[PDB]
């Protein structure tokens, strides 16, 4: 029983970009070695990332996993524990963890408990494992489990019956309020009950509609937490096992974030990641003088810097002068480009055009025109100069439909869509507490393709037949044309999501049937 160091790689994957994830894993394995780490543990499915969705069904996936193992086999002098998709001779696919040292696969674990509830759909992709993986390294017995496995009492008791010393847990555990600290409380008490250490490594970063908080930790077999990684940070954390005490050395950490601080940092991270991974030069949003847009403005500025944020105030007849001053003042305090674009002429033109159809008492229709004029103005600026539009609707509004389709719903990312109005106020107060001078004014808080016959054949091949680029070209189509079409299909996933539902007639409809990430990194070549 020798002393050793464990590197927890709190890692943010590019979903589907196996080449990129593998390269970063190698870079992190090198960095852990420089820090005298003897093992490095990566998140669940780290080679491809989470949620990769229907990328996990592509026929060429196994060959890419094999190439990834070949590249990882070149890393020397450190045990690596990482996530991959294990496909067996029969064709079964497993959610798996590999233990590798000097190009030798020491063992493979197949996840036992496949979540298929809430945000999880793992039985669309994987068959469940039945066997356990225990390996001895430097006199220490390591067990391996994946995410949902550590929460199944039966699965963990089985591994405990093998008298494991440390359980290594790979995770893609999504964030929700309170979960980061709740994970630590539960797995600490569990570590104490079973007299074993738990090394809990979690994915970090925003991905489409999800946040992954990271917040990795090491809990000792006495129930005390030895190492605590912060939430929403990508880094390598080192834990040190003491041969004499049979415990990991306790490393002091900062206090846990307050509830609203945690939510706030999560939204900042999610906003930054969506902006960066889609390659946007910046963001733009409508500033109404109200608290939702004021909060979104602060989050955007915290995410990518004021130099990349643009704000537009779009007053109409019933827009108070106080509203304009509060919007202008926050933009000034935060250093954000600010413009004013009046809509009364646009609205009047709509009304003149609609008049012969209306003839009708005024109602929501007239107010909805105002929202749509604003949305179209923002999309004009977005189309021209490329900033992502941030929608400012909150969860209370979206719950009861107090929002306008194609009006204030306009946007490519809705920062507050899962934030109740009650929480919006709390986040605004929190953000102001971070600065000597409130950033949110305090009164705001208290108020050329081919012709269709060729094009459709290429689309049918890519969509309905789910063929890769090489196989579509082999049908007799030109290579650059096929590459361009596939690029356009993947790039417009985000746009298809906002369209209305419609009836399926094919073997592969875009909605419900075909599940692909928006932020998608799957490289075209085999």
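Numbering follows the first chain given and starts at 1.
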Unmodelled stretch from the deposited sequence between residue 255 and residue 256, which bin: none, 1 to 3, 4 to 9, 10 or more?
none
Between residue 447 and residue 448, count the deposited residues left without coordinates and pick a bin: none, 1 to 3, 4 to 9, 10 or more.
10 or more
What stretch has the higher average Cα B-factor here, 327-335 or 372-380?
327-335
Hey, which bit's got the bigger mean C-alpha B factor in the entry, 121-129 or 448-456?
448-456
Residue selected from 189, 292, 276, 176 by maximal Cα B factor
189
Criterion, highest CA B-factor; candidates, 442, 148, 397, 208
442
Residue 31, C-alpha B-factor rank within chain (lowest, middle or highest third):
highest
Where does residue 37 sit by CA temperature factor within its chain: lowest, middle or highest third?
highest
Record-listed C-alpha B factor of residue 143: chain third
middle
Once the chain's modelled residues are ordered by C-alpha B factor and cut into thirds, is residue 46 in the lowest, middle or highest one?
middle
Assert third(CA B-factor, residue 137) within chain per record equals highest
